[PDB]
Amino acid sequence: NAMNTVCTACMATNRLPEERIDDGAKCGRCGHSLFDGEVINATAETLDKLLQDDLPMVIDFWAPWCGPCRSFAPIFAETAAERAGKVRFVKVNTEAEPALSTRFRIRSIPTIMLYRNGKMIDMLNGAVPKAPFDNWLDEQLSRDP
């Protein structure tokens, strides 16, 4: 069976086998590693294209000068690297991207939201340490669609 994933560099859709031999796949338009484990900073122009990915996608809605946002950031990044082939990690600076923040009706920061196949699966209210963050992800991903 096939699935679609989005090139985090050029936004191209790339069709891949659901069951992969490795994670070395490269974007067919631009050569970019499809699974580089890097956090992605989304804007009003990229977010919706990113949501077309069939990979699970966790989104951190944050702001500058926000203590829990600061402490969550490195945890978000490190987790991102550990799951390069399974989950994409996206960040939205609510102050850079006010229309996005309004559209997603963000009521606290940070807000951490998991999206799967266009569905909003669950959100965390605030920052958490890495282990409870890893547990939350695993639990939500093992959940039935």
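In this text, residue numbers run from 1 along the sequence as written.
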Looking only at C-alpha temperature factors in the entry, 20 to 28 or 6 to 14, the higher average sits in 20 to 28
Per the PDB entry, mean CA B-factor is higher for 86 to 94 or 39 to 47, namely for 39 to 47
Among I109, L55, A81, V58, highest Cα B-factor in the entry goes to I109
On the chain's distribution of Cα B-factors, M123 falls within the third called highest
For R105, the third of its chain by CA B-factor is the middle
For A99, the third of its chain by CA B-factor is the highest
